[PDB]
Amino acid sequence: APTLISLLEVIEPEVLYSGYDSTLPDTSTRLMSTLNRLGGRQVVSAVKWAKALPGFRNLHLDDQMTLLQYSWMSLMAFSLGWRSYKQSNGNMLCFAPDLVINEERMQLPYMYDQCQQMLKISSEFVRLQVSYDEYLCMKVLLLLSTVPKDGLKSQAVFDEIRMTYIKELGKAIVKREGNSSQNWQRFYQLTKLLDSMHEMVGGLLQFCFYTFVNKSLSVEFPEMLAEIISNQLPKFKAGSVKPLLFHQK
């Protein structure tokens, strides 16, 4: 019988190609439209990934839906952070192996600030030398990190699932460092990274809501992303979402 981490390793979706045609030149509108079209496909993958997470399907189906809609951006920015860390030690954004944004390429006026925001996520991975297994456990924890103020319909299964993956994060820490009695610092550092993901993602969510609503920028969104965003917009605006934080700030 093999380990839950090994399962996590197996069910991790392979990186998608964007199919971006660099023979036509880069514009702000084109890049963002491409990223969304890619993000739609990545979210599809994410739904299939979540369904294979032991515990997830015990949750009520509205809860499954809610968690996915609430956390999709941090899920995607985290993986982006990880790919960029492995691909170029955080110097570039690796959206896809055929869609790599280097410093020179981020110099587009409307792209610059969003790239700086995505770049800080990967810089955290660099600063901490996150290991693959640590990253995988943190990522499920992200899926379980944003909830409605009024709570979930199967709160207790949810609490049990969070506990399962917190321990699993513990095992990732052990595999990486051995039985150091300073493994407690690492756990601390990793939960603090998770907490800081709300802030880091908030900027990306603002851009996303803005470009989705102010359609004078002509940014295209696929149906998969449109469904989630238009559903999440009024909830986040009504200040009705609760970020779970490990440490009181």
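Counting begins at 1, following the sequence as shown.
The deposited model assigns a higher average Cα B-factor to 116-124 than to the other stretch when 116-124 and 76-84 are compared. According to the PDB record, 154-162 carries the higher mean C-alpha B-factor of the two stretches 140-148 and 154-162. The maximum CA B-factor among the listed residues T191, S216, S45, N36, taken from the PDB record, is found at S216.
When the C-alpha B-factors of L24, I11, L225, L16 are read from the PDB record, the largest value belongs to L24.
The PDB entry assigns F187 a C-alpha temperature factor belonging to the lowest third of its chain's modelled residues.
Looking at the C-alpha B-factors along this chain, the one for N91 belongs to the middle third. The deposited CA B-factor of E220 belongs to the highest third of values across its chain. In the deposited entry, the Cα temperature factor of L169 sits in the bottom third of values across the chain's modelled residues. In this PDB entry, the Cα temperature factor of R57 sits in the top third of its chain's modelled residues, the highest group.
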